[PDB]
>>> print(open('my_file_2.txt').read())   # compact mmCIF, C-alpha atoms
# COMPACT_ATOMS: atom_id res chain seq x y z
CA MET I 1 54.09 -27.69 -55.11
CA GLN I 2 55.32 -29.71 -52.13
CA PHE I 3 56.00 -33.45 -52.09
CA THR I 4 53.99 -35.46 -49.56
CA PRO I 5 54.14 -39.23 -48.84
CA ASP I 6 51.00 -40.33 -50.69
CA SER I 7 51.04 -38.88 -54.20
CA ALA I 8 52.95 -40.30 -57.17
CA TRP I 9 55.63 -38.76 -59.40
CA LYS I 10 57.96 -39.45 -62.32
CA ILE I 11 61.77 -39.39 -62.35
CA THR I 12 63.20 -36.88 -64.81
CA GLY I 13 66.77 -36.35 -63.65
CA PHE I 14 67.74 -33.58 -66.06
CA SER I 15 69.70 -30.57 -64.80
CA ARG I 16 71.82 -27.90 -66.47
CA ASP I 17 75.07 -29.33 -65.09
CA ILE I 18 74.04 -32.65 -63.52
CA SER I 19 77.23 -34.45 -62.48
CA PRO I 20 77.93 -38.04 -63.64
CA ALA I 21 78.09 -39.19 -60.02
CA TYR I 22 74.30 -38.95 -59.84
CA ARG I 23 73.65 -39.58 -63.54
CA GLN I 24 76.01 -42.51 -64.15
CA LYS I 25 74.68 -43.90 -60.86
CA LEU I 26 70.97 -44.16 -61.71
CA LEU I 27 72.10 -46.06 -64.81
CA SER I 28 72.76 -49.01 -62.50
CA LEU I 29 69.05 -49.08 -61.66
CA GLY I 30 67.96 -48.61 -65.26
CA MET I 31 65.70 -45.68 -64.44
CA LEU I 32 66.16 -43.12 -67.21
CA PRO I 33 64.35 -39.74 -67.46
CA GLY I 34 60.67 -40.64 -67.65
CA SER I 35 60.20 -43.24 -64.92
CA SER I 36 57.54 -43.66 -62.23
CA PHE I 37 58.04 -43.66 -58.46
CA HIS I 38 56.17 -43.10 -55.20
CA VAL I 39 56.96 -41.02 -52.11
CA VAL I 40 57.60 -42.67 -48.75
CA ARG I 41 58.25 -39.68 -46.49
CA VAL I 42 59.09 -36.00 -46.95
CA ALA I 43 59.50 -32.81 -44.91
CA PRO I 44 58.52 -29.17 -45.69
CA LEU I 45 61.79 -27.89 -44.22
CA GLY I 46 64.24 -30.46 -45.57
CA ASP I 47 64.51 -34.18 -44.84
CA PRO I 48 65.64 -37.45 -46.49
CA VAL I 49 62.90 -39.01 -48.60
CA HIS I 50 62.74 -42.43 -50.23
CA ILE I 51 61.34 -43.26 -53.66
CA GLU I 52 59.53 -46.49 -54.55
CA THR I 53 60.42 -47.87 -57.98
CA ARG I 54 59.98 -51.20 -59.77
CA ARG I 55 60.80 -53.53 -56.88
CA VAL I 56 63.45 -51.07 -55.68
CA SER I 57 63.56 -48.42 -52.96
CA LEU I 58 65.99 -45.55 -53.56
CA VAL I 59 66.74 -42.67 -51.21
CA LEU I 60 66.74 -39.00 -52.20
CA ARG I 61 67.47 -35.65 -50.54
CA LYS I 62 65.37 -32.48 -50.64
CA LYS I 63 68.56 -30.81 -51.88
CA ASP I 64 69.30 -33.57 -54.39
CA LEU I 65 65.86 -33.18 -55.95
CA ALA I 66 66.83 -29.60 -56.78
CA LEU I 67 68.90 -30.96 -59.67
CA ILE I 68 66.78 -33.84 -60.97
CA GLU I 69 63.42 -32.95 -62.50
CA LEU I 70 60.07 -34.44 -61.49
CA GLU I 71 56.73 -34.88 -63.26
CA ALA I 72 53.48 -35.52 -61.41
CA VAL I 73 51.35 -38.41 -62.67
CA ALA I 74 48.14 -37.92 -64.65
CA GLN I 75 45.41 -36.91 -62.21
>>> encode(input="my_file_2.txt", output="C-alpha cells")
Amino acid sequence: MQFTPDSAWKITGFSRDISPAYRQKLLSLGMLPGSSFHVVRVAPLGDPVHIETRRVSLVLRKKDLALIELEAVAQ
C-alpha cells in the first residue's frame, strides 16, 4: 500500500480532472501513462519523493501522487 525507496512502479498519470500543468508538463519528458520508474525516498506521513526514469530523475509529492495513478511492477 505504501511506497518505500526500494520497490519499482509504473507512471500512470490519469486523474478525473488532472490539470494540464502536470499533464502538459510530463509531455516534455515523453513519459506517457504506462512508464516505469523507481523510488528514491518516501515518507509515511508526507514528504517529497523522487522518481528514477530513463536517464532522468523527476521529483514528486505525496500529495501530487494523489492525482496521478501508479502500477506496481510484475512481482
>>> atom_distance(input="my_file_2.txt", atom1="atom CA of residue 72 of chain I", atom2="atom CA of residue 40 of chain I")
15.1 Å
>>> closest_residue(input="my_file_2.txt", among="I:68, I:60, I:1, I:73", to="residue 18 of chain I", atoms="all atoms listed in the file")
I:68
>>> atom_distance(input="my_file_2.txt", atom1="atom CA of residue 32 of chain I", atom2="atom CA of residue 64 of chain I")
16.3 Å
>>> closest_residue(input="my_file_2.txt", among="I:62, I:67, I:9, I:16", to="residue 42 of chain I", atoms="all atoms listed in the file")
I:62
>>> closest_residue(input="my_file_2.txt", among="I:36, I:23, I:69, I:41", to="residue 56 of chain I", atoms="all atoms listed in the file")
I:36
>>> closest_residue(input="my_file_2.txt", among="I:24, I:2, I:10, I:30", to="residue 51 of chain I", atoms="all atoms listed in the file")
I:10
>>> atom_distance(input="my_file_2.txt", atom1="atom CA of residue 3 of chain I", atom2="atom CA of residue 29 of chain I")
22.5 Å
>>> axis_aligned_box(input="my_file_2.txt", around="segment 32-50 of chain I", padding_each_side="3 Å", output="JSON")
{"center_x": 61.2, "center_y": -35.8, "center_z": -55.9, "size_x": 16.0, "size_y": 21.8, "size_z": 29.4}
>>> closest_residue(input="my_file_2.txt", among="I:19, I:27, I:52, I:12", to="residue 39 of chain I", atoms="all atoms listed in the file")
I:52
>>> residues_around(input="my_file_2.txt", residues="residue 11 of chain I", least_positions_apart="3", cutoff="7 Å", atoms="all atoms listed in the file", output="NGL selection string")
:I and (33-37 or 69-71)
>>> decode(input="my_file_2.txt", residues="segment 22-47 of chain I", atoms="N, CA, C and O atoms", output="mmCIF file, in the first residue's frame")
data_model
loop_
_atom_site.group_PDB
_atom_site.id
_atom_site.type_symbol
_atom_site.label_atom_id
_atom_site.label_comp_id
_atom_site.auth_asym_id
_atom_site.auth_seq_id
_atom_site.Cartn_x
_atom_site.Cartn_y
_atom_site.Cartn_z
ATOM 1 N N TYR I 22 0.290 19.720 -14.960
ATOM 2 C CA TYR I 22 1.006 18.487 -14.657
ATOM 3 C C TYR I 22 1.041 17.559 -15.868
ATOM 4 O O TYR I 22 2.039 16.879 -16.112
ATOM 5 N N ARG I 23 -0.053 17.533 -16.622
ATOM 6 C CA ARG I 23 -0.149 16.679 -17.801
ATOM 7 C C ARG I 23 0.751 17.185 -18.927
ATOM 8 O O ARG I 23 1.669 16.488 -19.362
ATOM 9 N N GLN I 24 0.483 18.400 -19.391
ATOM 10 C CA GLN I 24 1.258 19.001 -20.468
ATOM 11 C C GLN I 24 2.742 19.087 -20.111
ATOM 12 O O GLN I 24 3.590 19.239 -20.991
ATOM 13 N N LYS I 25 3.051 18.989 -18.823
ATOM 14 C CA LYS I 25 4.427 19.060 -18.358
ATOM 15 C C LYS I 25 5.175 17.762 -18.654
ATOM 16 O O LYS I 25 6.205 17.766 -19.330
ATOM 17 N N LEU I 26 4.653 16.653 -18.140
ATOM 18 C CA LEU I 26 5.278 15.350 -18.344
ATOM 19 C C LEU I 26 5.584 15.114 -19.820
ATOM 20 O O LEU I 26 6.548 14.428 -20.162
ATOM 21 N N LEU I 27 4.761 15.688 -20.692
ATOM 22 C CA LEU I 27 4.948 15.542 -22.128
ATOM 23 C C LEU I 27 6.376 15.895 -22.533
ATOM 24 O O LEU I 27 6.934 15.307 -23.459
ATOM 25 N N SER I 28 6.962 16.862 -21.832
ATOM 26 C CA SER I 28 8.325 17.297 -22.121
ATOM 27 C C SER I 28 9.322 16.165 -21.897
ATOM 28 O O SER I 28 10.367 16.107 -22.547
ATOM 29 N N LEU I 29 8.996 15.267 -20.974
ATOM 30 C CA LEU I 29 9.868 14.140 -20.665
ATOM 31 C C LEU I 29 9.582 12.958 -21.586
ATOM 32 O O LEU I 29 10.444 12.109 -21.807
ATOM 33 N N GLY I 30 8.363 12.910 -22.118
ATOM 34 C CA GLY I 30 7.987 11.831 -23.009
ATOM 35 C C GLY I 30 7.525 10.595 -22.261
ATOM 36 O O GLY I 30 7.533 9.492 -22.809
ATOM 37 N N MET I 31 7.124 10.779 -21.009
ATOM 38 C CA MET I 31 6.659 9.671 -20.185
ATOM 39 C C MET I 31 5.136 9.664 -20.095
ATOM 40 O O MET I 31 4.551 10.307 -19.225
ATOM 41 N N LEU I 32 4.501 8.938 -21.010
ATOM 42 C CA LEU I 32 3.046 8.841 -21.041
ATOM 43 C C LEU I 32 2.560 7.695 -20.156
ATOM 44 O O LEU I 32 3.325 6.791 -19.824
ATOM 45 N N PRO I 33 1.274 7.720 -19.762
ATOM 46 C CA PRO I 33 0.691 6.681 -18.915
ATOM 47 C C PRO I 33 1.128 5.280 -19.329
ATOM 48 O O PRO I 33 0.773 4.798 -20.403
ATOM 49 N N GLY I 34 1.905 4.634 -18.464
ATOM 50 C CA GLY I 34 2.388 3.297 -18.754
ATOM 51 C C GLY I 34 3.901 3.223 -18.792
ATOM 52 O O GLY I 34 4.471 2.407 -19.516
ATOM 53 N N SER I 35 4.555 4.074 -18.007
ATOM 54 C CA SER I 35 6.013 4.101 -17.956
ATOM 55 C C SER I 35 6.527 3.395 -16.706
ATOM 56 O O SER I 35 5.746 2.989 -15.848
ATOM 57 N N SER I 36 7.846 3.251 -16.614
ATOM 58 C CA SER I 36 8.467 2.595 -15.467
ATOM 59 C C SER I 36 9.403 3.551 -14.733
ATOM 60 O O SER I 36 10.140 4.316 -15.357
ATOM 61 N N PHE I 37 9.368 3.504 -13.404
ATOM 62 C CA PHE I 37 10.213 4.371 -12.589
ATOM 63 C C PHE I 37 10.499 3.737 -11.230
ATOM 64 O O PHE I 37 9.777 2.844 -10.787
ATOM 65 N N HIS I 38 11.558 4.204 -10.574
ATOM 66 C CA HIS I 38 11.932 3.686 -9.262
ATOM 67 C C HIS I 38 11.781 4.761 -8.191
ATOM 68 O O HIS I 38 11.734 5.953 -8.495
ATOM 69 N N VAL I 39 11.703 4.331 -6.936
ATOM 70 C CA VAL I 39 11.551 5.254 -5.818
ATOM 71 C C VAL I 39 12.892 5.532 -5.146
ATOM 72 O O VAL I 39 13.665 4.611 -4.880
ATOM 73 N N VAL I 40 13.159 6.804 -4.874
ATOM 74 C CA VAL I 40 14.407 7.200 -4.230
ATOM 75 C C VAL I 40 14.229 7.323 -2.718
ATOM 76 O O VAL I 40 15.014 6.778 -1.945
ATOM 77 N N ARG I 41 13.190 8.044 -2.307
ATOM 78 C CA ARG I 41 12.907 8.236 -0.888
ATOM 79 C C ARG I 41 11.460 8.669 -0.677
ATOM 80 O O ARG I 41 10.934 9.495 -1.423
ATOM 81 N N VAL I 42 10.820 8.109 0.343
ATOM 82 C CA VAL I 42 9.431 8.438 0.642
ATOM 83 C C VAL I 42 9.162 8.404 2.145
ATOM 84 O O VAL I 42 9.890 7.763 2.904
ATOM 85 N N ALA I 43 8.111 9.102 2.569
ATOM 86 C CA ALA I 43 7.738 9.152 3.978
ATOM 87 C C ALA I 43 6.297 8.689 4.180
ATOM 88 O O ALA I 43 5.445 8.900 3.319
ATOM 89 N N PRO I 44 6.008 8.050 5.328
ATOM 90 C CA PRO I 44 4.663 7.553 5.640
ATOM 91 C C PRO I 44 3.693 8.672 6.011
ATOM 92 O O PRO I 44 2.478 8.500 5.935
ATOM 93 N N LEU I 45 4.237 9.816 6.410
ATOM 94 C CA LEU I 45 3.415 10.959 6.795
ATOM 95 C C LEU I 45 3.178 11.888 5.608
ATOM 96 O O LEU I 45 2.052 12.322 5.364
ATOM 97 N N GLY I 46 4.245 12.193 4.878
ATOM 98 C CA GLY I 46 4.130 13.070 3.727
ATOM 99 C C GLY I 46 5.410 13.837 3.457
ATOM 100 O O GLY I 46 5.691 14.838 4.112
ATOM 101 N N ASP I 47 6.186 13.363 2.488
ATOM 102 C CA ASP I 47 7.447 14.004 2.136
ATOM 103 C C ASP I 47 7.642 14.032 0.623
ATOM 104 O O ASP I 47 6.882 13.413 -0.120
#
